[PDB]
$ cat upload-v1.pdb   # PDB, C-alpha atoms and all ligand atoms
ATOM      1  CA  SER A   5      58.838 119.835  78.660  1.00  0.00           C
ATOM      2  CA  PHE A   6      61.535 118.047  80.731  1.00  0.00           C
ATOM      3  CA  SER A   7      59.823 116.926  83.955  1.00  0.00           C
ATOM      4  CA  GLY A   8      60.935 115.456  87.276  1.00  0.00           C
ATOM      5  CA  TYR A   9      64.538 116.694  87.044  1.00  0.00           C
ATOM      6  CA  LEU A  10      66.625 117.742  90.009  1.00  0.00           C
ATOM      7  CA  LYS A  11      68.430 121.032  89.355  1.00  0.00           C
ATOM      8  CA  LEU A  12      72.175 120.725  90.054  1.00  0.00           C
ATOM      9  CA  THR A  13      73.371 124.088  88.702  1.00  0.00           C
ATOM     10  CA  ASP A  14      72.056 127.052  86.642  1.00  0.00           C
ATOM     11  CA  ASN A  15      72.137 124.833  83.515  1.00  0.00           C
ATOM     12  CA  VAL A  16      72.543 121.172  84.540  1.00  0.00           C
ATOM     13  CA  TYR A  17      69.591 118.986  85.539  1.00  0.00           C
ATOM     14  CA  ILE A  18      69.517 115.269  86.429  1.00  0.00           C
ATOM     15  CA  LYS A  19      66.909 112.486  86.584  1.00  0.00           C
ATOM     16  CA  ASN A  20      66.886 108.731  87.191  1.00  0.00           C
ATOM     17  CA  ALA A  21      65.484 107.722  83.832  1.00  0.00           C
ATOM     18  CA  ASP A  22      65.971 105.480  80.866  1.00  0.00           C
ATOM     19  CA  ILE A  23      67.173 107.952  78.175  1.00  0.00           C
ATOM     20  CA  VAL A  24      65.236 105.965  75.497  1.00  0.00           C
ATOM     21  CA  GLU A  25      61.942 106.371  77.424  1.00  0.00           C
ATOM     22  CA  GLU A  26      62.802 110.002  78.208  1.00  0.00           C
ATOM     23  CA  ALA A  27      63.512 110.755  74.525  1.00  0.00           C
ATOM     24  CA  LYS A  28      60.293 108.934  73.396  1.00  0.00           C
ATOM     25  CA  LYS A  29      58.318 111.124  75.938  1.00  0.00           C
ATOM     26  CA  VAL A  30      59.962 114.565  75.445  1.00  0.00           C
ATOM     27  CA  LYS A  31      61.032 114.200  71.761  1.00  0.00           C
ATOM     28  CA  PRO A  32      63.796 116.747  72.513  1.00  0.00           C
ATOM     29  CA  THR A  33      65.524 118.807  69.825  1.00  0.00           C
ATOM     30  CA  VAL A  34      68.749 116.902  70.656  1.00  0.00           C
ATOM     31  CA  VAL A  35      69.384 113.557  72.269  1.00  0.00           C
ATOM     32  CA  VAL A  36      73.051 112.770  72.922  1.00  0.00           C
ATOM     33  CA  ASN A  37      74.367 109.347  72.130  1.00  0.00           C
ATOM     34  CA  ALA A  38      77.329 107.824  73.961  1.00  0.00           C
ATOM     35  CA  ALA A  39      78.959 106.943  70.657  1.00  0.00           C
ATOM     36  CA  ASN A  40      82.259 105.333  69.667  1.00  0.00           C
ATOM     37  CA  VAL A  41      84.451 106.577  66.773  1.00  0.00           C
ATOM     38  CA  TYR A  42      82.955 104.035  64.359  1.00  0.00           C
ATOM     39  CA  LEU A  43      79.346 104.802  65.332  1.00  0.00           C
ATOM     40  CA  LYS A  44      78.892 101.050  66.055  1.00  0.00           C
ATOM     41  CA  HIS A  45      75.932 101.218  68.420  1.00  0.00           C
ATOM     42  CA  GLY A  46      76.322  97.815  70.036  1.00  0.00           C
ATOM     43  CA  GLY A  47      75.670  98.279  73.732  1.00  0.00           C
ATOM     44  CA  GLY A  48      75.174 100.726  76.575  1.00  0.00           C
ATOM     45  CA  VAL A  49      73.214 103.862  75.711  1.00  0.00           C
ATOM     46  CA  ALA A  50      74.170 103.552  71.992  1.00  0.00           C
ATOM     47  CA  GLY A  51      72.804 100.030  71.699  1.00  0.00           C
ATOM     48  CA  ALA A  52      69.618 101.052  73.489  1.00  0.00           C
ATOM     49  CA  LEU A  53      69.028 104.220  71.381  1.00  0.00           C
ATOM     50  CA  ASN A  54      69.778 102.304  68.190  1.00  0.00           C
ATOM     51  CA  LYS A  55      67.414  99.444  69.153  1.00  0.00           C
ATOM     52  CA  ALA A  56      64.654 102.056  69.818  1.00  0.00           C
ATOM     53  CA  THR A  57      65.118 103.340  66.215  1.00  0.00           C
ATOM     54  CA  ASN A  58      64.687  99.754  64.867  1.00  0.00           C
ATOM     55  CA  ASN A  59      68.347  99.959  63.663  1.00  0.00           C
ATOM     56  CA  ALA A  60      67.679 103.076  61.519  1.00  0.00           C
ATOM     57  CA  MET A  61      70.337 104.898  63.575  1.00  0.00           C
ATOM     58  CA  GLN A  62      72.906 102.214  62.687  1.00  0.00           C
ATOM     59  CA  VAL A  63      71.995 102.293  58.972  1.00  0.00           C
ATOM     60  CA  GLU A  64      72.351 106.077  58.891  1.00  0.00           C
ATOM     61  CA  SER A  65      75.594 105.855  60.919  1.00  0.00           C
ATOM     62  CA  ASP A  66      77.179 103.299  58.575  1.00  0.00           C
ATOM     63  CA  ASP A  67      76.493 105.597  55.613  1.00  0.00           C
ATOM     64  CA  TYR A  68      77.989 108.530  57.612  1.00  0.00           C
ATOM     65  CA  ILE A  69      81.169 106.513  58.371  1.00  0.00           C
ATOM     66  CA  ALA A  70      81.447 105.254  54.782  1.00  0.00           C
ATOM     67  CA  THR A  71      81.447 108.897  53.616  1.00  0.00           C
ATOM     68  CA  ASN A  72      83.402 110.605  56.394  1.00  0.00           C
ATOM     69  CA  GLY A  73      85.498 108.061  58.216  1.00  0.00           C
ATOM     70  CA  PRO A  74      85.587 107.658  61.969  1.00  0.00           C
ATOM     71  CA  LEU A  75      85.042 110.416  64.474  1.00  0.00           C
ATOM     72  CA  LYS A  76      87.834 111.504  66.816  1.00  0.00           C
ATOM     73  CA  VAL A  77      87.674 110.567  70.534  1.00  0.00           C
ATOM     74  CA  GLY A  78      86.319 113.810  72.040  1.00  0.00           C
ATOM     75  CA  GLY A  79      84.459 114.635  68.814  1.00  0.00           C
ATOM     76  CA  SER A  80      80.900 114.473  67.613  1.00  0.00           C
ATOM     77  CA  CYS A  81      78.562 114.540  64.688  1.00  0.00           C
ATOM     78  CA  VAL A  82      74.910 115.514  64.310  1.00  0.00           C
ATOM     79  CA  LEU A  83      72.701 112.932  62.702  1.00  0.00           C
ATOM     80  CA  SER A  84      68.940 112.304  62.720  1.00  0.00           C
ATOM     81  CA  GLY A  85      67.172 111.684  66.003  1.00  0.00           C
ATOM     82  CA  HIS A  86      64.796 109.286  64.152  1.00  0.00           C
ATOM     83  CA  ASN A  87      61.766 108.536  66.390  1.00  0.00           C
ATOM     84  CA  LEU A  88      63.603 109.780  69.511  1.00  0.00           C
ATOM     85  CA  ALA A  89      64.506 113.409  68.870  1.00  0.00           C
ATOM     86  CA  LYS A  90      64.875 115.990  66.052  1.00  0.00           C
ATOM     87  CA  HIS A  91      68.656 115.289  66.102  1.00  0.00           C
ATOM     88  CA  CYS A  92      71.045 112.893  67.681  1.00  0.00           C
ATOM     89  CA  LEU A  93      74.373 114.344  68.709  1.00  0.00           C
ATOM     90  CA  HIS A  94      76.758 111.382  68.667  1.00  0.00           C
ATOM     91  CA  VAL A  95      79.498 112.289  71.095  1.00  0.00           C
ATOM     92  CA  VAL A  96      82.592 110.152  71.659  1.00  0.00           C
ATOM     93  CA  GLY A  97      83.801 110.218  75.202  1.00  0.00           C
ATOM     94  CA  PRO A  98      87.054 108.373  75.994  1.00  0.00           C
ATOM     95  CA  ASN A  99      86.581 104.680  76.713  1.00  0.00           C
ATOM     96  CA  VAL A 100      88.789 103.859  79.701  1.00  0.00           C
ATOM     97  CA  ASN A 101      88.223 100.093  78.925  1.00  0.00           C
ATOM     98  CA  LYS A 102      89.951 100.693  75.507  1.00  0.00           C
ATOM     99  CA  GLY A 103      92.809 102.525  77.331  1.00  0.00           C
ATOM    100  CA  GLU A 104      91.681 105.939  76.058  1.00  0.00           C
ATOM    101  CA  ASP A 105      92.720 109.221  77.675  1.00  0.00           C
ATOM    102  CA  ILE A 106      90.197 110.283  80.387  1.00  0.00           C
ATOM    103  CA  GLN A 107      91.532 113.853  79.836  1.00  0.00           C
ATOM    104  CA  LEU A 108      89.495 113.881  76.530  1.00  0.00           C
ATOM    105  CA  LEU A 109      86.229 113.921  78.529  1.00  0.00           C
ATOM    106  CA  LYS A 110      86.213 117.745  78.722  1.00  0.00           C
ATOM    107  CA  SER A 111      86.646 117.967  74.910  1.00  0.00           C
ATOM    108  CA  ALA A 112      83.751 115.501  74.525  1.00  0.00           C
ATOM    109  CA  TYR A 113      81.456 117.629  76.735  1.00  0.00           C
ATOM    110  CA  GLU A 114      82.423 120.817  74.819  1.00  0.00           C
ATOM    111  CA  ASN A 115      80.370 119.438  71.899  1.00  0.00           C
ATOM    112  CA  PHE A 116      77.229 120.000  74.010  1.00  0.00           C
ATOM    113  CA  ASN A 117      77.856 123.787  73.931  1.00  0.00           C
ATOM    114  CA  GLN A 118      76.842 123.901  70.257  1.00  0.00           C
ATOM    115  CA  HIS A 119      73.214 123.071  71.266  1.00  0.00           C
ATOM    116  CA  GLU A 120      70.992 125.251  73.476  1.00  0.00           C
ATOM    117  CA  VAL A 121      69.235 122.302  75.117  1.00  0.00           C
ATOM    118  CA  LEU A 122      70.079 118.572  75.187  1.00  0.00           C
ATOM    119  CA  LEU A 123      68.870 115.336  76.718  1.00  0.00           C
ATOM    120  CA  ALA A 124      72.074 113.380  77.500  1.00  0.00           C
ATOM    121  CA  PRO A 125      73.719 110.552  79.328  1.00  0.00           C
ATOM    122  CA  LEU A 126      76.904 111.013  81.418  1.00  0.00           C
ATOM    123  CA  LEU A 127      79.741 110.692  78.924  1.00  0.00           C
ATOM    124  CA  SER A 128      82.293 107.913  79.423  1.00  0.00           C
ATOM    125  CA  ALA A 129      80.130 106.424  82.222  1.00  0.00           C
ATOM    126  CA  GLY A 130      78.758 102.838  82.189  1.00  0.00           C
ATOM    127  CA  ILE A 131      80.528 100.501  79.797  1.00  0.00           C
ATOM    128  CA  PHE A 132      82.983 103.302  78.829  1.00  0.00           C
ATOM    129  CA  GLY A 133      84.631 102.707  82.229  1.00  0.00           C
ATOM    130  CA  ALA A 134      85.050 106.210  83.659  1.00  0.00           C
ATOM    131  CA  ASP A 135      83.920 107.262  87.131  1.00  0.00           C
ATOM    132  CA  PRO A 136      80.393 108.732  86.670  1.00  0.00           C
ATOM    133  CA  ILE A 137      80.992 111.147  89.604  1.00  0.00           C
ATOM    134  CA  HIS A 138      83.970 112.536  87.655  1.00  0.00           C
ATOM    135  CA  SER A 139      81.864 112.657  84.428  1.00  0.00           C
ATOM    136  CA  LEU A 140      79.177 114.706  86.186  1.00  0.00           C
ATOM    137  CA  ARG A 141      81.809 117.123  87.564  1.00  0.00           C
ATOM    138  CA  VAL A 142      83.345 117.592  84.080  1.00  0.00           C
ATOM    139  CA  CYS A 143      79.824 118.068  82.668  1.00  0.00           C
ATOM    140  CA  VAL A 144      78.920 120.823  85.146  1.00  0.00           C
ATOM    141  CA  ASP A 145      82.323 122.513  84.708  1.00  0.00           C
ATOM    142  CA  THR A 146      82.267 122.354  80.869  1.00  0.00           C
ATOM    143  CA  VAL A 147      78.716 122.535  79.562  1.00  0.00           C
ATOM    144  CA  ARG A 148      77.171 126.016  79.575  1.00  0.00           C
ATOM    145  CA  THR A 149      74.023 125.141  77.621  1.00  0.00           C
ATOM    146  CA  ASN A 150      70.981 123.469  79.231  1.00  0.00           C
ATOM    147  CA  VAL A 151      71.698 119.775  79.738  1.00  0.00           C
ATOM    148  CA  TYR A 152      69.152 117.267  81.109  1.00  0.00           C
ATOM    149  CA  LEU A 153      71.037 114.220  82.262  1.00  0.00           C
ATOM    150  CA  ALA A 154      69.316 110.862  82.317  1.00  0.00           C
ATOM    151  CA  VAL A 155      70.956 108.319  84.656  1.00  0.00           C
ATOM    152  CA  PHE A 156      69.536 104.830  84.074  1.00  0.00           C
ATOM    153  CA  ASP A 157      70.830 103.219  87.294  1.00  0.00           C
ATOM    154  CA  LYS A 158      68.773 104.333  90.458  1.00  0.00           C
ATOM    155  CA  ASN A 159      71.627 103.495  92.831  1.00  0.00           C
ATOM    156  CA  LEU A 160      74.103 105.467  90.703  1.00  0.00           C
ATOM    157  CA  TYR A 161      71.621 108.384  90.433  1.00  0.00           C
ATOM    158  CA  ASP A 162      71.325 108.516  94.257  1.00  0.00           C
ATOM    159  CA  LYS A 163      75.126 108.351  94.609  1.00  0.00           C
ATOM    160  CA  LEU A 164      75.553 111.158  92.017  1.00  0.00           C
ATOM    161  CA  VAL A 165      73.002 113.454  93.710  1.00  0.00           C
ATOM    162  CA  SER A 166      74.149 112.743  97.275  1.00  0.00           C
ATOM    163  CA  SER A 167      77.845 113.319  96.439  1.00  0.00           C
ATOM    164  CA  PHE A 168      77.325 116.399  94.194  1.00  0.00           C
ATOM    165  CA  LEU A 169      79.368 119.328  95.352  1.00  0.00           C
TER
HETATM  166  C1  LIG A 201      75.570 100.495  86.182  1.00  0.00           C
HETATM  167  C2  LIG A 201      76.685 101.454  86.441  1.00  0.00           C
HETATM  168  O1  LIG A 201      77.047 102.268  85.601  1.00  0.00           O
HETATM  169  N1  LIG A 201      77.247 101.362  87.662  1.00  0.00           N
HETATM  170  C3  LIG A 201      78.416 101.996  88.129  1.00  0.00           C
HETATM  171  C4  LIG A 201      79.646 101.661  87.576  1.00  0.00           C
HETATM  172  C5  LIG A 201      80.803 102.277  88.020  1.00  0.00           C
HETATM  173  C6  LIG A 201      80.744 103.238  89.026  1.00  0.00           C
HETATM  174  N2  LIG A 201      81.890 103.870  89.538  1.00  0.00           N
HETATM  175  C7  LIG A 201      83.211 103.886  89.058  1.00  0.00           C
HETATM  176  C8  LIG A 201      83.555 103.516  87.760  1.00  0.00           C
HETATM  177  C9  LIG A 201      84.876 103.589  87.348  1.00  0.00           C
HETATM  178  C10 LIG A 201      85.854 104.036  88.215  1.00  0.00           C
HETATM  179  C11 LIG A 201      85.515 104.406  89.505  1.00  0.00           C
HETATM  180  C12 LIG A 201      84.200 104.327  89.933  1.00  0.00           C
HETATM  181  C13 LIG A 201      79.514 103.568  89.583  1.00  0.00           C
HETATM  182  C14 LIG A 201      78.358 102.950  89.141  1.00  0.00           C
END
$ encode --input "upload-v1.pdb" --output "structure tokens" --more "lines below"
Ligand SMILES: CC(=O)Nc1ccc(Nc2ccccc2)cc1
Amino acid sequence: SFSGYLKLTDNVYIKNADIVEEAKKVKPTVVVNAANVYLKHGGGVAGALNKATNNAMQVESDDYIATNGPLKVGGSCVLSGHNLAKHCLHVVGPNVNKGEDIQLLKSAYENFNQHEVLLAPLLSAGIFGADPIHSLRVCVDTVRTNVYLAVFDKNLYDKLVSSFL
């Protein structure tokens, strides 16, 4: 039911879309969140997905952290997708603005391989400070499952498509 996507590879698709609106429309099995290790969904994609759940994602996340402790950078956890998806896969890409190792981006994308189909943002892009062109390259070279990438910014989407090798 994903519509309007440009096919980049056998398994990677891309669209200029707000991932919240895309999730509300498709109600995919899995929506990926651009999470941090504490699951504090303050801004970027995380803040937007959490706001769309009326903070239910944050309440569930705080209980998860209270029980399990923080995630690792490069790691993930599966929680409810609330009103957006069946599940939310909270994936922690390295935050270059926190001085985290960009080399952990491949480990972060490997989490996507545990799900046959996902709606996702580019990991470590936006407020996480990594080059989105590099994130897309790591995505295509790491993810083997079917990933539908939503890129909020039109200008960035055009740059990503036009520079895709
Ligand atoms: C709104 C938005 O995400 N815009 C945006 C931000 C950064 C880049 N490019 C870039 C980042 C870090 C390092 C090298 C290039 C491209 C587009």
$ residues_around --input "upload-v1.pdb" --residues "residue 112 of chain A" --least-positions-apart "5" --cutoff "9 Å" --atoms "all atoms listed in the file" --output "PyMOL selection string"
chain A and resi 77-80+95-98+127
$ resolve_selection --input "upload-v1.pdb" --expression "the PyMOL selection byres (((chain A and resi 164-167) around 8) and not hetatm)" --output "JSON, numbers by chain"
{"A": [136, 137, 140, 160, 161, 162, 163, 168, 169]}
$ residues_near_ligand --input "upload-v1.pdb" --ligand "ligand LIG 201 (chain A)" --cutoff "6 Å" --atoms "all atoms listed in the file" --output "count of residues only"
7
$ resolve_selection --input "upload-v1.pdb" --expression "the PyMOL selection byres (((chain A and resi 142) around 10) and not hetatm)" --output "list in words"
residues 107, 109, 110, 111, 112, 113, 114, 126, 127, 136, 137, 138, 139, 140, 141, 143, 144, 145, 146 and 147 of chain A
$ resolve_selection --input "upload-v1.pdb" --expression "the PyMOL selection byres (((chain A and resi 88) around 6) and not hetatm)" --output "list in words"
residues 27, 28, 31, 85, 86, 87 and 89 of chain A
$ closest_residue --input "upload-v1.pdb" --among "A:43, A:35, A:50, A:124" --to "residue 84 of chain A" --atoms "all atoms listed in the file"
A:35
$ atom_distance --input "upload-v1.pdb" --atom1 "atom CA of residue 46 of chain A" --atom2 "atom CA of residue 90 of chain A"
21.8 Å
$ closest_residue --input "upload-v1.pdb" --among "A:91, A:72, A:152, A:118" --to "residue 7 of chain A" --atoms "only C-alpha atoms"
A:152
$ atom_distance --input "upload-v1.pdb" --atom1 "atom CA of residue 131 of chain A" --atom2 "atom CA of residue 53 of chain A"
14.7 Å
$ closest_residue --input "upload-v1.pdb" --among "A:21, A:99, A:121, A:128" --to "residue 151 of chain A" --atoms "all atoms listed in the file"
A:121
$ atom_distance --input "upload-v1.pdb" --atom1 "atom CA of residue 153 of chain A" --atom2 "atom CA of residue 18 of chain A"
4.6 Å
$ closest_residue --input "upload-v1.pdb" --among "A:36, A:71, A:10, A:17" --to "residue 148 of chain A" --atoms "only C-alpha atoms"
A:17
$ closest_residue --input "upload-v1.pdb" --among "A:58, A:117, A:20, A:33" --to "residue 83 of chain A" --atoms "only C-alpha atoms"
A:33
$ closest_residue --input "upload-v1.pdb" --among "A:93, A:123, A:16, A:24" --to "residue 55 of chain A" --atoms "only C-alpha atoms"
A:24
$ decode --input "upload-v1.pdb" --residues "segment 5-36 of chain A" --atoms "N, CA and C atoms" --output "short mmCIF file (atom, residue, chain, number, x, y, z; two decimals), in the first residue's frame"
data_model
loop_
_atom_site.label_atom_id
_atom_site.label_comp_id
_atom_site.auth_asym_id
_atom_site.auth_seq_id
_atom_site.Cartn_x
_atom_site.Cartn_y
_atom_site.Cartn_z
N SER A 5 0.79 -1.24 0.00
CA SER A 5 0.00 0.00 0.00
C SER A 5 0.84 1.31 0.00
N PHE A 6 2.18 1.18 -0.05
CA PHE A 6 3.03 2.35 -0.18
C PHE A 6 2.85 2.87 -1.61
N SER A 7 2.56 4.17 -1.73
CA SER A 7 2.31 4.79 -3.03
C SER A 7 3.17 6.02 -3.27
N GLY A 8 3.50 6.27 -4.53
CA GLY A 8 4.26 7.45 -4.91
C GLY A 8 5.75 7.39 -4.65
N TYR A 9 6.29 6.18 -4.35
CA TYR A 9 7.71 6.05 -4.07
C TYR A 9 8.52 5.87 -5.34
N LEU A 10 9.72 6.42 -5.32
CA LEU A 10 10.70 6.22 -6.37
C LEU A 10 11.54 5.01 -5.94
N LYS A 11 11.71 4.06 -6.86
CA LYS A 11 12.50 2.87 -6.58
C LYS A 11 13.97 3.19 -6.77
N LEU A 12 14.80 3.01 -5.75
CA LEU A 12 16.23 3.26 -5.86
C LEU A 12 16.97 1.98 -6.20
N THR A 13 16.62 0.88 -5.51
CA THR A 13 17.25 -0.42 -5.70
C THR A 13 16.14 -1.50 -5.65
N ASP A 14 16.53 -2.79 -5.69
CA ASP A 14 15.63 -3.90 -5.57
C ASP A 14 14.72 -3.77 -4.32
N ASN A 15 15.29 -3.22 -3.22
CA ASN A 15 14.54 -3.19 -1.96
C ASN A 15 14.40 -1.85 -1.29
N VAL A 16 14.98 -0.78 -1.84
CA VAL A 16 14.91 0.54 -1.21
C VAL A 16 14.13 1.49 -2.09
N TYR A 17 13.15 2.14 -1.48
CA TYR A 17 12.23 3.09 -2.11
C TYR A 17 12.30 4.40 -1.35
N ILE A 18 12.00 5.52 -2.02
CA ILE A 18 12.11 6.84 -1.38
C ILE A 18 10.99 7.76 -1.83
N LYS A 19 10.53 8.63 -0.93
CA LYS A 19 9.44 9.56 -1.21
C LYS A 19 9.64 10.82 -0.39
N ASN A 20 9.22 11.97 -0.94
CA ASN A 20 9.27 13.23 -0.20
C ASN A 20 7.95 13.23 0.55
N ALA A 21 8.01 12.92 1.85
CA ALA A 21 6.81 12.82 2.64
C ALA A 21 7.12 13.04 4.11
N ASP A 22 6.10 13.48 4.82
CA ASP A 22 6.15 13.60 6.25
C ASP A 22 5.86 12.16 6.75
N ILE A 23 6.83 11.54 7.46
CA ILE A 23 6.68 10.17 7.92
C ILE A 23 5.47 9.98 8.83
N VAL A 24 5.05 11.03 9.58
CA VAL A 24 3.84 10.96 10.41
C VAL A 24 2.61 10.79 9.52
N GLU A 25 2.48 11.63 8.48
CA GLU A 25 1.35 11.56 7.55
C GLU A 25 1.36 10.26 6.74
N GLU A 26 2.56 9.79 6.38
CA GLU A 26 2.73 8.54 5.67
C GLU A 26 2.30 7.37 6.54
N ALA A 27 2.73 7.36 7.81
CA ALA A 27 2.33 6.30 8.74
C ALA A 27 0.82 6.33 8.98
N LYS A 28 0.22 7.52 9.20
CA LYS A 28 -1.23 7.64 9.42
C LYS A 28 -2.04 7.10 8.22
N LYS A 29 -1.50 7.24 6.98
CA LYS A 29 -2.11 6.81 5.72
C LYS A 29 -1.93 5.29 5.47
N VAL A 30 -0.70 4.79 5.57
CA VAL A 30 -0.40 3.39 5.26
C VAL A 30 -0.72 2.46 6.41
N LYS A 31 -0.51 2.93 7.66
CA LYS A 31 -0.56 2.14 8.90
C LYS A 31 0.33 0.88 8.71
N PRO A 32 1.63 1.12 8.43
CA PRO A 32 2.52 0.00 8.10
C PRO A 32 2.69 -0.93 9.27
N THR A 33 3.23 -2.14 9.01
CA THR A 33 3.50 -3.07 10.11
C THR A 33 4.55 -2.44 11.04
N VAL A 34 5.56 -1.76 10.45
CA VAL A 34 6.64 -1.16 11.20
C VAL A 34 6.94 0.25 10.72
N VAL A 35 6.93 1.20 11.64
CA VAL A 35 7.44 2.52 11.39
C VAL A 35 8.72 2.63 12.22
N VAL A 36 9.81 3.11 11.62
CA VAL A 36 11.05 3.32 12.32
C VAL A 36 11.08 4.71 12.92
#
